[PDB]
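This text opens with one protein chain seen in two forms, each one given by itself as structure tokens under the names structure 1 and structure 2.
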Structure 1
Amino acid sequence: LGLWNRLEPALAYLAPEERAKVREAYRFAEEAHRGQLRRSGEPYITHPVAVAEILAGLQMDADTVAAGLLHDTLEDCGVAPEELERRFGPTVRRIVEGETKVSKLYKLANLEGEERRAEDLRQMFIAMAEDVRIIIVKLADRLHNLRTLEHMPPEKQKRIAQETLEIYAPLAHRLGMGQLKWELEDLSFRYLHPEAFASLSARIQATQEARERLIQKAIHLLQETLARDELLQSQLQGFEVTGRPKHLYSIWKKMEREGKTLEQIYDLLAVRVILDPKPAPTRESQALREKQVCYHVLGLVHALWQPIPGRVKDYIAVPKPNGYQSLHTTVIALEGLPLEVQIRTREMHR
């Protein structure tokens, strides 16, 4: 019964009329999946709710989160695509059919073992899904699927992990969805190489207590500094200051390719600043504000901690090929330690 009351808070960024479509979508799904269960014993509705929840975290188009609740209704529910277009419009229908159709299409596809196999399969999804939202929902689906992979046989656990590492994690990268790309990698690594994962995880959880003690000093300090700045706060609706989680798959990938141990690889401390700009009267007003507020923070970060020369990186002005936007700066803090600071808005956070 906890469902929806869990999701609703995450929908705060949507207009009332949009939230209204998402409640209608949830309720419809709730009905379609009535009596259905997951291989976890939970009612099926928990999965599309979790997928919708992921998309709302990613602050997606209303039609996209509604499609998140409806991405599995076209199978064993007695729902025809005509019903979804009739009730939730052609975009929600397009996306749900798109996400459903591809899963089967990948099952048919024969590139298993052939050199550069993933590349030609990734391009297959790219070439067919002109609306990326189809892919985003498929990623949100595979994410939640991997989160609940303990209720699956070790054959499926290894099959899913490899597929995510070959197909979906690189697709998450192409779309500039790093938060997803990271989670997908670390989760795939868990189930694909358990012995290697459990070894690396326990080696980090040995120094983790002391690391986040240090990281929290930086967080608290940078938080208070921003909150005390009157002019930044006037143009701001809210902000989050958080540590960057260790990319265990990226850590281990390097550790094998260029040799070395976890102790041999340098643990560069990082802190992220997510900024929620206050709603501006125009689309231009909001756009200029989005940049303005980020550079405002860069200044405050240098005023707080001594910047290391040449370590300022502007990806707002010059986005990465996959569209990545953020402001990077390496400073000295915590009594002489290098700390990386990533400044971005909520929109930039992917």
Structure 2
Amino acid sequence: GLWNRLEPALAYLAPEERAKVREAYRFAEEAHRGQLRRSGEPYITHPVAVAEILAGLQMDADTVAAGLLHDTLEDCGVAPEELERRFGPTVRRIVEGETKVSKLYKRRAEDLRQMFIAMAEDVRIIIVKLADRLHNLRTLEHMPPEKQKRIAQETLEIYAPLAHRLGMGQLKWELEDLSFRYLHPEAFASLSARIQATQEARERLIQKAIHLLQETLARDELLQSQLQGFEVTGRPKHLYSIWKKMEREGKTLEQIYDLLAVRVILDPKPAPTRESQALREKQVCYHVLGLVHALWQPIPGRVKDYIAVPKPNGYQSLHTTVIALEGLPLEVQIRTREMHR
């Protein structure tokens, strides 16, 4: 069934691992047979969509499998002993933990308390709860408008930061943005309608900018001579982070440069002495700034030199807001590998 949708995403797993995931889906589909969600949809769609979220993150075989089974214990005729017998103790461990920790669709102080108590078992239990939470938020239109606000708050306070700390930034932004939609819809609808383009169009522009910079840097002869390699990463600013700093700093949306930002992480070639290495570390950063300014037109008064004036948090990097692509303000950040975090 819905399996033919999940199967391609599981290409990264060994054949034996994929068979485990199919045996898990076949068991979940048998266990969730005849069950429905709040949306008229059969229950199996939920554990498959959670297993999809985990598979997109290239998660552990037992983790993907545990995502298909994460609900087979709550008021279900499945004994935890059967999961240990069939899928091992690791799958059983995660699944018990995700069931015991307040489940999917239910004070919230006790459910956030249990979230920590499961922290001793393995962050693996959480990961699944993060995938589950993301899917729940994606299908929050089938929830009373009160319950919608309870979930959104919890997500912003507990899960989005946990995703952040686990290094799952694409999970983090989506968790934040869906939470923002249901928590403050008036602010969400105002800001979203203002932003003419969708996240599809945003990521397309960022990748055009990344290609333009990557090819411009690789074509500079003198730079590549003092360089070992480089990395051009992008980001479109997400609605929650756009609205968060407008309130925090006081700037209008027109007064946000970050709406399309790009980082240039550079690792220089090795140097004989310790000093001629620290000198090579800087010479590269300003050389990129030049090339960047010759590629995209720089905006007046937007060069921020944190190499020469580091932030009290020890932050070193060169910043410049430019006019890139279809006449759009793009922020560029130039730093070395060492100046990175």
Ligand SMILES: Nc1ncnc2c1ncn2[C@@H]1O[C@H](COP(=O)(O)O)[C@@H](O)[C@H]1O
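Residue numbering: structure 1 sequence, from 1. Think of the rigid core as the biggest set of C-alphas that the two forms share within 1.5 Å after superposition.
Legend: structure 2 corresponds to the form deposited with this ligand bound, while structure 1 does not. For the candidates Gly176, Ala280, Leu58, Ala206, the hinge between rigid parts between the two structures coincides with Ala206. Rigid-part rotation between the two structures: 52° for the smaller part relative to the larger (C-alpha based, whole degrees). Core-based alignment between the two structures gives a C-alpha movement of 2.0 Å at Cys77.
On core superposition, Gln157 has its C-alpha offset by 0.7 angstrom between the two structures.
The Cα position of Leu334 changes by 4.2 Å between the two structures once both are aligned on the rigid core.
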